[PDB]
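>>> An experimental structure, sequence included, is below.
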Amino acid sequence: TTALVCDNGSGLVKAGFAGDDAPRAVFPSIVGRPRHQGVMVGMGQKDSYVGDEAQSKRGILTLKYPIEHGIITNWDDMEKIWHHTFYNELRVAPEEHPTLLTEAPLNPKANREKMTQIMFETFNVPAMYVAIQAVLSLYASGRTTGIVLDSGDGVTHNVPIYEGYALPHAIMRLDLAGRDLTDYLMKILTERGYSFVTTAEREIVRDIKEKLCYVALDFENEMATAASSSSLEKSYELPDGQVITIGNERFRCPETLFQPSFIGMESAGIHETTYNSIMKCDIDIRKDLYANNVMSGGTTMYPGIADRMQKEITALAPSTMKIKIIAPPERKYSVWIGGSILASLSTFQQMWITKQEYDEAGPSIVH
Amino acid sequence: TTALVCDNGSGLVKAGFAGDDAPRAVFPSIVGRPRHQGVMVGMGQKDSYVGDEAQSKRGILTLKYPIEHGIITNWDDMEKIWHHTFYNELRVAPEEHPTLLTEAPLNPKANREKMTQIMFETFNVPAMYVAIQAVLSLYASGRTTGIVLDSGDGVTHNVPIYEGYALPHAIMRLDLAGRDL
Amino acid sequence: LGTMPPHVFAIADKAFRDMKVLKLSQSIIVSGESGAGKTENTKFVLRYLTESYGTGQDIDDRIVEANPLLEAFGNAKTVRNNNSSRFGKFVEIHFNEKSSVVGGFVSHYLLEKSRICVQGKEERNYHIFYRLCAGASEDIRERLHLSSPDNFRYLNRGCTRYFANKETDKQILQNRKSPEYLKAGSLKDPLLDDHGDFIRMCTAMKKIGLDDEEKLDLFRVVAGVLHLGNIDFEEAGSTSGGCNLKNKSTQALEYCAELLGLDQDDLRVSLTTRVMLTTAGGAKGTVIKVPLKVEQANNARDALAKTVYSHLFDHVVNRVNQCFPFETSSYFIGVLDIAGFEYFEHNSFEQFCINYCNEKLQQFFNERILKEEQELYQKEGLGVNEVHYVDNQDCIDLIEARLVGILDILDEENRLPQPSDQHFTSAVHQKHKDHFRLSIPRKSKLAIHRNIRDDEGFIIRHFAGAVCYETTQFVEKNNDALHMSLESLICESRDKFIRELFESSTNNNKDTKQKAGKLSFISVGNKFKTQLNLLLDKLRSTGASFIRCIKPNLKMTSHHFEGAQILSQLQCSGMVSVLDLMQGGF
Ligand SMILES: Nc1ncnc2c1ncn2[C@@H]1O[C@H](COP(=O)(O)OP(=O)(O)O)[C@@H](O)[C@H]1O
Ligand SMILES: [Mg+2]
Ligand SMILES: [Mg+2]
């Protein structure tokens, strides 16, 4: 009876039935084949270990994340994520639940067609709907207007929604966050005499991406206080027993999110893509887009954002106008608690694609 | 019992019962359909907002003034003005009010007949009269002679009246103000 | 039969021989408008059964004495009459297989919890708060941090006047009098005296079991509900949090944590946040806090105040149920006391719950008073042919119907982001097919319904008449959502008396992965539908007898019969149609 909200993150695929509390399953999504010769020869070893078992087995596998910039690595591994998750974690019956899968606002077709069709033919769900991750963060946020930031590894997006219609001519996709923040952190960690070249070793970087990084007060002045080294240099210990003491790079990695000259793309930072999306909205409406600027995801969890982001936008946005940035706790699960609110609401249970509709149209007419 | 004065404004439709003080309703006049895709869970939102609520929704609607060049656009939006005003503004009962509608001296027929006729069949009005807006300004001014100016968005008119006769050889209508301004 | 001239005791002798004939339990249902003697004539029935048939109870007197005590807790002032009950008590006097009287049980159904938060303009709140700020001494009122009614948020709406006699009025000190009491003094009634009824409450408290020190811990709970209501909230967060408190509400939060016994810091980060965890969703995690909105902090404070009054009223009736407990059982005589069709000139949510209960009682009366009785005229020698009743089952399956009923649109509005009473009113006529039981105010020819605009209320035609309900604060009244951080604080209060206001089946064991976090929203409209259909299964499964009490005038004056006031209580209670089926061929 009750529908299932399953969010296709790249992290951190998230799964839990429709409301009223925290996701039942969150897991690191990786598939890894064993790349070594296991000369003990039990045998009995899985051909593909999925997450979480592939995050215990670091260094004996070659990790492959299921989606790469919002596009599948192949649907053989994607389907295997889903099957593993549904059967040996949740223990759900496929014929019992209408499902909900998520996608990105400007994601290339036919990835939603092919998906919807494969999940209907493989798992034989009786109904399905696909919501964009930004729209679900509006319902979680509980406001009626505003620009939504779904920033996860490896694609961020900037969608403006107004009372409660969508503006088609102001949607911005930046490929800046978050896998490029992982790669940039890996590129500036070599400077301190250690290296993490393998797929498994990139995970060790991911753990330092969570815990140790910080964001500048203002770049130019944080660079000033950088010449003093005591507060700047903090020493982390890593699971191989080694202690790495990182300085400038501690604030350098998140600072990438402003002015991505470090990545080398010609597009501007979140600061300016925000302003240029607001001034692509209609002249009358812009007044109430200010103070409904809402961040979301897990890659917005660095400490000095959003109050860096706020102070910078407020300087470029019109005077007198109040720019209030909205960044509550829980944002990593925002999308998911959003999805829960949606699939629990009548009447919009009846805006799902039902089996009769799918049987007629097949992979045609999604929208 | 009491009569109801509803001025079919060019602007700016004005409504209030007869005697004594000021109108009870002023609103910009606009009807507006929604000009963008509605992503929200929603979904009770009006397909046509009238004023004043259609001036609380600027930029997400396409505003259409119901009276253009002093002529009704279609009676579909005009009736919707009437229905919205009478029911959720004035809160008037259908057969309790003798009504008063306004017009312009050189405005083409069958605009005043079809209006008068539809308004009698739709709202079931017990009695009705239609006055030109210049004639009403005689009572407001409190004089019995003079040239009268009803100038609204977008038709002005110029009627000379002499104690208290109308002059057919001197009535001028200019398409000079105010939507053209 | 034929040896009893009409009297109340001719009904009580009849509903005791059906316990000996067909051997089925009988429920006495007293109907009639409010303030009509349905509680006073009931005390005469309980004296008749324990003389004429039953070999007595433990003691008679406690049941009589403690009834006005629970009417301090449940009675208020309404537009129709001054002393009206805002609760539907259901007495269950138990007997056994032989028919020995083993003891009683008093409960309550339809408690007007909304009244605690909002008191209208000429209504009161509950009658226990006006007996505590009027009757409590000056070495008692300073200790419980009490003052005149204008200081409390839950007493700054409605009427703040005390019901007090001329001699009583001057014997209440001036400091306990509000600006409305300075403006227009006491409310005048010959039988309602708030300071007198505080003495007949506290004397009756020591008659059901309470120690005089234990009444003071009951006064700390009532004053703690008053000083909880006084917390005034505001906005917060540089990068957006959700809610904080006001500066003047720091002294009020300290006196609230002094009366309840729960800490101020642990309540300040619980009225402002939605606590959730990530431990359940993984193999390891943490417990974060997500700030609530400003309206959800005020609505949570109101749900926390209504939750304490719910369990204090159930703890008080358990103390009374303990003063005449039952033994082995099988037969039983129930006595219902609830108000019939109490509608006014401004009707809200609680008058729709009264009229919804009346549509179910009238559908009960068509299958217990008309169907069974005329089946007995059609079998007891005469053989009489059927006359059909005028059905109303379609009005019930408009109010409470699953997915297409009214409460299924009201409860769907509260779960929606940004709930609206105009959006819910327009959704009722949008989901409705516009059938004769329901229409918008503009479709009524009455002048009183002329002033209501079509998105500010709706008219339901009920069997006893057409009642218009305004939708101002309708969605707000249905919310009662109790947050999980507040459940592990008010139930688990540091003070033992407060903690012992909760027990089984309300309190129960839990363990990790049970498998979900419920009941979240809860829903007031489905709280009453769950307990109303549960009491409906006890009325359809048991026998019954019907007494209806009509007032001779609405001023409660002796020797005065008014042909307009008596007729309206006969026309708003089901009389003409039921006395048209019964006529038939004989
Ligand atoms: N405390 C933190 N600080 C910085 N980054 C974090 C933190 N926690 C998680 N992240 C990053 O956020 C990502 C998860 O984002 P998520 O909201 O799951 O995106 P999506 O939902 O699109 O998959 C992870 O890849 C991780 O690198
Ligand atoms: Mg995403
Ligand atoms: Mg004009």
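Great, that's in hand. Numbers count the residues shown, from 1 in each chain, chains lettered A, B, ... in the order given. Ligands and ions are numbered 1, 2, ... in the order given.

>>> can you list the residues of chain C near chain B?
Proximity of chain C to chain B, by C-beta under 8 Å from any C-beta of the partner chain, involves residues C:416-417, C:423, C:426-427, C:430, C:442, C:445, C:450-451, C:453-455. No exception for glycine: its C-beta is placed from N, CA and C like everyone else's.

>>> Identify the farthest-apart pair in these.
By the measure C-beta to C-beta, C:417 and C:445 form the most distant pair in those, at 38.7 Å.

>>> higher neighbour count, the two?
residue C:417 (17 against 9; other C-beta atoms under 10 Å in any protein chain shown).

>>> does the more buried one sit in a helix, a strand or a coil?
Three-state assignment for residue C:417 (DSSP: H, G, I helix; E, B strand; the rest coil): coil.

>>> Please report the distance of the nearest residue to it once chain neighbours are set aside from residue A:7.
Leaving aside its sequence neighbours, residue C:417 sits nearest to residue A:142 (C-beta to C-beta, 6 or more residues apart in numbering or on different chains; 4.7 Å). According to C-beta to C-beta, to the nearest Å, residue A:142 and residue A:7 sit 18 Å apart.

>>> out of these two, which sits in the busier spot?
Ranked by neighbour count (other C-beta under 10 Å), residue A:142 and residue A:7 place residue A:7 first, with 26 against 14.

>>> Any idea what that one is bridged to?
Applying DSSP bridges to residue A:7 gives these bridge partners: residue A:14.

>>> ok, it to residue A:99 distance?
11 Å.

>>> quick one, what contacts the residue in the stretch 201-350 of chain A positioned nearest to ligand 3?
Ranked by C-beta to the ion, the top residue of the stretch 201-350 of chain A for proximity to ligand 3 is residue A:284, at 27.6 Å. Listed by C-beta atoms under 8 Å, 6 or more residues apart in numbering or on different chains, the contact partners of residue A:284 are B:58-59.

>>> go on, residue C:328?
Counted by C-beta under 8 Å, 6+ apart, residue C:328 has contacts C:96-97, C:102.

>>> same thing but 10 Å
Residues in contact with residue C:328 (C-beta atoms under 10 Å, 6 or more residues apart in numbering or on different chains) are C:94-98, C:100, C:102.

>>> and what of residue C:430?
Per C-beta under 10 Å, 6+ apart, neighbours of residue C:430: B:43-44, C:409, C:423.

>>> Within the helices and strands, which one has it?
helix C:421-431 (DSSP states H and E).

>>> mind saving the C-alpha coords of that helix as PDB?
Presented in PDB, the C-alpha positions along helix C:421-431 are these (Å, rounded to 0.1, in the frame of the first residue of the first chain):
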ATOM      1  CA  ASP C 421      -8.500  27.700   5.500                       C
ATOM      2  CA  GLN C 422      -9.600  29.400   2.200                       C
ATOM      3  CA  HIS C 423      -7.800  26.600   0.200                       C
ATOM      4  CA  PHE C 424      -9.600  23.900   2.400                       C
ATOM      5  CA  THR C 425     -13.000  25.700   2.000                       C
ATOM      6  CA  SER C 426     -12.600  25.900  -1.800                       C
ATOM      7  CA  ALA C 427     -11.400  22.300  -1.900                       C
ATOM      8  CA  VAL C 428     -14.500  21.100  -0.100                       C
ATOM      9  CA  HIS C 429     -16.800  22.500  -2.800                       C
ATOM     10  CA  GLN C 430     -14.200  21.400  -5.500                       C
ATOM     11  CA  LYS C 431     -14.300  17.700  -4.200                       C
END
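
>>> buried residues in that helix?
Buried residues in helix C:421-431, counted by 16 or more other C-beta atoms under 10 Å in any protein chain shown: C:421, C:423-428.

>>> Mind listing residues that contact the next helix or strand after that helix?
Using DSSP H and E, the helix or strand that directly follows helix C:421-431 along the chain is strand C:438-439. Here strand C:438-439 makes contact (C-beta under 10 Å, 6+ apart) with C:395, C:398-399, C:406, C:428-429, C:432, C:458-461, C:466, C:468.

>>> try 6 Å
C:432, C:459-460 (C-beta atoms under 6 Å, 6 or more residues apart in numbering or on different chains).

>>> cool, stretch C:118-131 as well?
C:72-73, C:75-77, C:115, C:157-159, C:162, C:194, C:197-198.

>>> Looking at those, which are in helices?
Counting by DSSP state H, the part of the contacts of stretch C:118-131 found in helices is C:72-73, C:115, C:194, C:197-198.

>>> count of neighbours near the closest residue to ligand 2 within the stretch 151-300 of chain A?
Residue of the stretch 151-300 of chain A nearest ligand 2, by C-beta to the ion: residue A:152 (3.8 Å). By other C-beta under 10 Å, the residues close to residue A:152 number 26.

>>> Wait, it touches residue A:296, no?
No - between residue A:152 and residue A:296 there is no contact under C-beta atoms under 6 Å: 8.9 Å.

>>> Show me what residue of the stretch 51-200 of chain C gets nearest to chain B.
Proximity of the stretch 51-200 of chain C to chain B (C-beta to the nearest C-beta) peaks at residue C:121, 21.9 Å away.

>>> re earlier: helix or strand for the residue of the stretch 201-350 of chain A closest to ligand 3, which one?
Using DSSP H and E, no helix or strand contains residue A:284.

>>> now the residue of the stretch 151-300 of chain A closest to ligand 2, nearest residue through space, not along the chain?
Per C-beta to C-beta, 6+ apart, closest to residue A:152 is residue A:297, 4.7 Å.

>>> hey, what's that neighbour bridged with?
On the basis of DSSP bridges, residue A:297 takes part in beta bridges with residue A:151.

>>> Could you pull up the contacting residues of it?
Here residue A:297 is in contact with A:150-152, A:331 (C-beta under 6 Å, 6+ apart).

>>> Of the residues you listed, just the buried ones, PyMOL syntax please.
Buried residues within the contacts of residue A:297, by 16+ other C-beta under 10 Å, are selected in PyMOL with:
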select buried, chain A and resi 150+151+152+331
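
>>> Relative to chain C, which of the contacts of residue A:297 is nearest.
Closest approach between the contacts of residue A:297 and chain C, by C-beta to the nearest C-beta: residue A:331, at 9.5 Å.

>>> Relative to chain B, how far out is the spatially most central residue of chain A?
Nearest to the mean C-alpha position of chain A, by C-alpha atoms, centre = their mean, lies residue A:152 at 2.2 Å. Here residue A:152 is placed at a distance of 20 Å from chain B (C-beta to the nearest C-beta, to the nearest Å).

>>> Give me the longest helix you can find in the chain.
If you meant another chain, say so; for now it's chain A. From DSSP H, the single longest helix across chain A is helix A:199-211.

>>> Chain C was what I was after
helix C:294-321.

>>> List the buried residues for the helix or strand following it?
Downstream of helix C:294-321, the next assigned helix or strand under DSSP H and E is strand C:332-337. For strand C:332-337, burial by neighbour count (16+ other C-beta under 10 Å) applies to C:332-337.

>>> How about whichever residue of the stretch 201-350 of chain C sits closest to ligand 3: what's its closest non-neighbour residue?
Of the residues in the stretch 201-350 of chain C, the one nearest ligand 3 is residue C:346, at a distance of 41.7 Å by C-beta to the ion. Closest residue in space to residue C:346, ignoring its immediate chain neighbours: residue C:470 at 6.3 Å, by C-beta to C-beta, 6+ apart.

>>> Right, I'll call it a day here.
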